[PDB]
Structures are given as C-alpha cells and as structure tokens.
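Commentary on secondary and tertiary structure
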Amino acid sequence: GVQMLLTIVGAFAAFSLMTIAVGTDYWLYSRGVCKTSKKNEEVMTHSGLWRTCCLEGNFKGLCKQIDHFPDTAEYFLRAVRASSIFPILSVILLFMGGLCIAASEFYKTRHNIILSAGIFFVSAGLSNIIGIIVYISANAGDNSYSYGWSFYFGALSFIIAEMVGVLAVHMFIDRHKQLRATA
Amino acid sequence: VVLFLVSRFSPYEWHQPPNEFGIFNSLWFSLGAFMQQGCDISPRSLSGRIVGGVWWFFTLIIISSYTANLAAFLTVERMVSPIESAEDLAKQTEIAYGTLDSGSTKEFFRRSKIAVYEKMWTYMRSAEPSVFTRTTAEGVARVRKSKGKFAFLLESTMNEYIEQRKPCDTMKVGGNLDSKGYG
Amino acid sequence: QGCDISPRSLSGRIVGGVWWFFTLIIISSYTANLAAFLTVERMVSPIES
Amino acid sequence: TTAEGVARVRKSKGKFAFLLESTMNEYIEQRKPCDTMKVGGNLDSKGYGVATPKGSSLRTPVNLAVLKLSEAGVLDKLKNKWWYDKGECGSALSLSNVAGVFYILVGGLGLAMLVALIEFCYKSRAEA
Ligand SMILES: CCCCCCCC/C=C/CCCCCCCC(=O)OC[C@H](O)CO
Ligand SMILES: CCCCCCCC/C=C\CCCCCCCC(=O)OC[C@H](O)CO
Ligand SMILES: *C(=O)CCCCCCCCCCCCCCC
C-alpha cells in the first residue's frame, strides 16, 4: 500500500540517518587541540561523539579520541555522554522497528506486529531527544561552537521516526477497523 | 505523537473514535497548551492525562523562564553607566585607559597628589598590556577599535579636533582636569 | 483569557497559532519591561547643558 | 607558608583570596593546574635585598655584586629561567538550566506509554 511504502522508506531513512549521525565526526564545530612542551594548537576542530579532528592547521586531518573523564552525582552524566547509550539506543530501536514492519508484511493477521513497530519508532524518537539533550548539556559543562550535519541528521532522524510512528499507528488502527467492518 | 498514540491506538475503546485526539487535534492541543491559550478538547484517560500534565508543567517552567530572563536583560541594561568623568574611570576596571608617552599628560598623572588622579596613575602604570601610546594617532585608533573598552586621556585641543573628524565616533566627556597652555 | 470557540480548520488554526505566539511575546515583553521600570528607577531628565 | 596560602585558594571554591607578593603570585600563575590568577594592581612597590648583620664587612662587596649582576643582565636572565622558561601553563538561558524539565517530560511520555500499553495487554489477555 501507499501507507506501507512510506513506512518502509521512512523506517530505512530514519535508521540510515541515525547510523550516519552516530558514526560521523562532524557533530560540533569548535576550537580545540587535534593532538594528544607548550603546543601552539587551538586550531578549528570538528568533533563527533568519540573522535575530534581539526579542520585546519599543520595537522590537516589528524584525529584524536575524546576523553570523557577528565565529583559525584554529576558523574552520572559524564557516563551517559561517554557510552552514548541514548544515541545508540535510538539506533537499536529504529532497527527493531524495521524488523517489525518487515515481519508484518509476511505473517499478516498478527496486527500486533504493526503496533510494535509504532512503539519502537515513537520510543526511538524519544531516546533521541534525551541523547540530544545529554550531548548539549555535557558540552556546556566543559567560543563560537557550531553544529554540523551529523547533529542535523540525528535531528532529522527524530522527525522521520516520529512520523513513521504516527504512520504505523495509523496502519494498526486501519487493520482493526477492517476487522470491525466485517463484523 | 505520544498523545495521539496513547489515546487512539487501543481498539477496545472504539465503539467511532473514543477521543477526538487525532494526530491533528493533538498537534493543536499541544500547541494551545504551550501558548497557555486554552482549547476545547481535553484528555479523559489516565494515559492521555500523563501527557498533558507533564506538558503543562514543561510549558509552565519554559514560559516563566522566558519572562524572567527577558526581565533580567531589560533590567541589567537599565543599570548601564555612561562613564563620562575621571572619577568614573578610576572606580571601574572593565574600561582601560591611558596617555601618550613622553609628554605632559603622563607626567601630570605620575606627579598628581589628587586622590582620583593618583588612583588612575597607580592603575595605568602597572596595567598590562600597556595603556600608553607612542603617538596621539595610536591613542585615537585604540579608542576607535576597542568597542568602548579603552578611553584615552589627551589634551582638549586634540580631543576636540578628532571629534570633528570622520567617522565621528569619538567624544570628549567631562570637564578638563587642568588648565594650561602651549608656548 | 479563554473563549468558547477554537478554529477547527487548517486555515483557521494557522491564524489562531500565529496570534497566540504574537500575544505571548507581547504580554511577556510588557511584564518584563514593567519589571525593569519598577526595579531600576532612573528618573533623571532636566537641563543638562 | 606560601604553599599553605596557595592550597587554601585552590581548595576553597573561590571563597578565599590570598594576599602575597607579585613575584610569588606570578610564579604560581604559571604552575599546574593553572587555576589561580593575579588580579588588580600591586598595592605597593618595593624589592628584595641580600641582608647581612649590621655593620658586617661583607655588605659593600655584596652590594656592588648585585649592581654588577643587574647591569650585566644576569638577574633578568635568572628571573626568566625560574619563572617563565620553566612555566607549566603554556546572557541567555542554556539547556543546562532547563535540562530537568526536558527529562521529566520525556519521562512522563514514557510513563504514559507504559500505563497505556499495560492496560491494552490486560484487556487483550482477558478477551483471550
Ligand atoms: C493545524 C494544527 C497546527 C497548527 C499550527 C499553527 C502554527 C502557528 C505557528 C506558531 C509559532 C510560529 C513561530 C515562528 C518562529 C520563527 C523563528 C524564526 O523565524 O527564526 C529566524 C532565525 O532562525 C532566528 O535565529
Ligand atoms: C490526574 C492525573 C494528573 C496528571 C499526573 C501527572 C502530572 C505530573 C506533573 C508534574 C510532575 C512534576 C515532577 C517534579 C519532579 C521533581 C524532581 C525532584 O524531586 O527533584 C529533586 C532534586 O533533584 C533534589 O536536588
Ligand atoms: C504489555 O504488557 C505491553 C506493555 C509492557 C511493555 C511496555 C514497553 C514500552 C514502555 C513505554 C515506552 C518507553 C519509552 C522510553 C524512551 C526512552
């Protein structure tokens, strides 16, 4: 159907844009040292979630590993922006939602698989918001910082995930209305 | 999306929609709610009420934090000071100030027993980077380029001349500190 | 305050929404400016020269 | 001791400031963890001298040595050696302010979906 084609495309799109977001290293555009004896560094660097690579300087494309642990209670944040479980939990959920949609087009009659997808997309978009907030709220703790296309993919992925969630619920409603009609 | 879902996904409620909270009527309740502007529809289930109760609290804090920060800006700006006398200069540190080297103005401050001018000298002589300039032109440039963070002590004749030169961005303030002449 | 009618069409709901946003910014800018007027009393504007 | 004053500044979360000579202040400003700063102008102007007991015959020679070292540039070289050559140190609201409201919100949206999917499970298992 038309409502299904969009769901497949939307599930794929959301999952693709979030996987690229979690992997690419252009989340933030800030000023920082792209290398592990005073060093005249402070060169323009682009950072993702785990790697920071400077945009310019004698180290044109040298990368590094972010050090996320540089006293209590707050720590819990430093450890949620260091595993990045919320961005990664959002990838897993979107993948699981796709399985549901795909499984739906095979078994059929089940109806509750189509719903499950709806719960795995809406929650995926909800994990994403928490990951976005945690990201921003951690950098602030530590300027002309600007955001890159990996941030705006994770923002665009959220939008596509919520819309597929609406669409998947709208298909679940329609499946059940067809049952009530025959009754 | 979550309001839409929690309300209409369950077919046990349908008999005809049980609530009017379709995705569209949910994007409208949530909008109205945020703008404090009340609406006509209101959730009637336990689920749909945990989505309007945490959104009314969110809305409340965000609107209160906009009014209370717009009222902090408008106030602090209302406390701005013109800084137009030597006494004003002497009582603050945000705006640097200095004199020409190797002339009578610098000597005036160095020798003054007047408290305000002694205070000014004590600051100027140890300020870093140097607040002294080698030529009047350099002092003018420093005023013009420093975004209000440098003021220049110079003879009224030179001051009045520069006040009538483009780009007409400087001004003499306060009375003269002494009375003398060129010979 | 509240009324007894809320637009139920897309066209009508855009007008209602851009006007509830306008309203919000202006009622906040009045309370916030009024607060600045009562917190810091300047009250100085006679002969100056 | 000066070290105790430095520690008190460093450990007191901004609630202690230490009055000390500019020389010591400037030295510490270039030591790790680079968390202190000299502020303001100096309150007075003075110097350190080499001291001898009153009337000691050593005083004259020591004084001339200080002047010779000064004039040869050696005192400046020593200060740079020990202070600088060896130095170790080289508004709107933000989401941080309202992080909580956002969490609470996403926690009541996940609590609503739990209180709604649970009821759904019951009503469905009951119809069996
Ligand atoms: C049909 C049910 C849904 C109805 C929906 C009705 C929508 C009405 C819009 C409301 C607020 C609009 C706010 C617009 C804010 C614009 C911000 C802007 O222009 O910002 C420029 C720039 O990015 C700054 O840095
Ligand atoms: C009929 C059903 C009606 C609707 C029912 C749901 C509405 C919930 C509304 C507000 C929640 C506010 C939660 C506030 C959380 C405060 C957290 C707290 O206690 O923080 C302590 C602090 O961290 C120490 O330092
Ligand atoms: C029947 O027993 C099914 C309901 C029980 C499982 C519910 C699982 C979903 C819970 C709500 C969604 C939480 C999203 C959190 C996002 C960070």
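Residues numbered from 1 in each chain as written, not as in the entry; some residues may be left out. Chains lettered and ligands numbered in written order. Part of a larger assembly, values for the part shown. Heavy atoms only, no water. Residues with missing side-chain atoms left out of burial classes, pairs and counts.

The deposited coordinates for this entry were obtained by cryo-EM, with a reported resolution of 3.4 Å.

For chain D, the name recorded in the PDB entry is Isoform 2 of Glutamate receptor 4, with Rattus norvegicus as its organism. Under its PDB header, the title given for this structure is "GluA4 in complex with TARP-2, desensitized state, structure of TMD/LBD domains".

Chain A appears in the PDB entry as Voltage-dependent calcium channel gamma-2 subunit from Rattus norvegicus. Within the UniProt record for chain A, the comment given under Sequence similarities is "Belongs to the PMP-22/EMP/MP20 family. CACNG subfamily." (UniProt positions renumbered as here; feature names shortened; annotations may be inferred.)

**Some words on the pairing of strand β1 (residues 28–32) of chain A**
All names here are of chain A. The two faces of β1 differ: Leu-28, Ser-30 and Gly-32 on one face are buried, but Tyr-29 and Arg-31 on the other face are not. Note: β1 against strand β2 (residues 43–47), five bridges, orientation antiparallel. If you follow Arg-31 over to β2, its bridge partner there is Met-44. Here β1 runs beside strand β5 (residues 146–147); their pairing, made up of two bridges, is antiparallel. Note on β5: the bridge partner recorded for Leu-28 is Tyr-147. (Buried < 20%, exposed > 50% of the residue type's maximum accessible area, 1.4 Å probe, protein only. Helix = DSSP H or I, 4+ residues; strand = E, 2+ residues; numbered from the N terminus. Pairing = 2+ DSSP bridges.)

**Quick notes on the state of the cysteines**
Residues and elements named next belong to chain A. The final tally for this structure, using the stated rule, is three disulfides over all chains. Between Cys-34 and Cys-54 runs a disulfide, and the two sulfur atoms are separated by 2.0 Å. Torsion about the S-S bond of the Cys-34 and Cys-54 cystine: about 60 degrees, corresponding to right-handed handedness. Since its relative accessible area comes to 3%, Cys-34 is described here as buried. Residue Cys-54 is classed as buried on the basis of its relative accessible area of 1%. Bonded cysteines in chain A are paired 1-3, 2-4 when counted in the order they occur along the chain. (Disulfide = S-S within 2.5 Å.)

**Some remarks on the site of ligand 3**
Close to ligand 3 lie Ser-123 and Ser-127 of chain A together with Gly-110, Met-113, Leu-114, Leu-117 and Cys-121 of chain D, which account for all nearby residues. Residues near ligand 3 are shared among chains A and D, making this a multi-chain site. Protein coverage of the free-state accessible area of ligand 3, which is 520 Å², stands at 63%. Sorting elements by how many residues they give to the shell around ligand 3 places helix α5 (residues 95–127) of chain D first, with five residues. Considering only residue class, the shell around ligand 3 consists of four nonpolar, three polar and no charged. (Near = heavy atom within 4 Å. Areas by Shrake-Rupley, 256 points an atom, 1.4 Å probe, with all protein chains shown as cover. Nonpolar A, V, L, I, M, F, W, Y, C, P; charged D, E, K, R; others polar.)

**Description of the nonpolar core**
Ranked by internal contacts, the top residues of the largest apolar core, which has 36 residues, are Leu-126 of chain A, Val-2, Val-6, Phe-9 and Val-51 of chain B together with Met-113 of chain D. Those elements giving two or more residues to this core turn out to be α4 (112–141) and α5 (149–182) of chain A, α1 (2–8), α2 (23–34) and α3 (46–76) of chain B together with α5 of chain D. Per element, the largest residue contribution to this core is nine residues, and it comes from α5 of chain D. Non-local contacts of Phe-9 of chain B, meaning those with residues more than four positions away in its chain, are made with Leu-115, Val-169 and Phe-172 of chain A, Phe-4 of chain B together with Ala-116, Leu-117 and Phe-120 of chain D. Of all hydrophobic cores here, the second largest spans 27 residues; its members include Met-4, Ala-14, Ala-117 and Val-164 of chain A. (Core = buried A, V, L, I, M, F, W, Y, C linked by side-chain atoms within 4.5 Å. Contact = heavy atoms within 4.5 Å.)

**Describing helix α3 (residues 85–107) of chain A**
Residue and element names in this part refer to chain A. Relative to the 33 Å expected for 23 residues at 1.5 Å per residue, α3 spans 32 Å between its end C-alpha atoms, a close match to the ideal helical length. Turning to α3, its buried residues number three or more, namely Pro-87, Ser-90, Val-91, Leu-93, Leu-94, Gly-97, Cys-100, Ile-101 and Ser-104. Where α3 is buried, its residues meet α1 (2–23), α4 and α5. Directly beyond the C-terminal end of α3, a positive phi value near 65 degrees is found at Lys-108. (Expected span 1.5 Å × (residues − 1).)

**Focus on empty space enclosed by the protein**
Residues and elements named next belong to chain A. Computed from the structure, the largest cavity encloses a volume of approximately 50 Å³. Every residue along the wall of the largest cavity is listed here: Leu-49, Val-80, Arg-81, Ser-84, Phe-86, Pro-87, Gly-131, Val-134 and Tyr-135. Where the lining of the largest cavity is concerned, the elements lending two or more residues are α3 and α4. Of all the elements, α4 adds the most residues to the lining of the largest cavity, at three residues. Residues belonging to the lining of the largest cavity are distributed by class as follows: six nonpolar, two polar and one charged. (1 Å grid on protein atoms, 1.4 Å probe; cavity = no way out; pocket = protein on both sides within 12 Å on 5 of 7 lines; lining within 4 Å. Points joined across faces, edges and corners; volume = space filled by probe spheres on them.)

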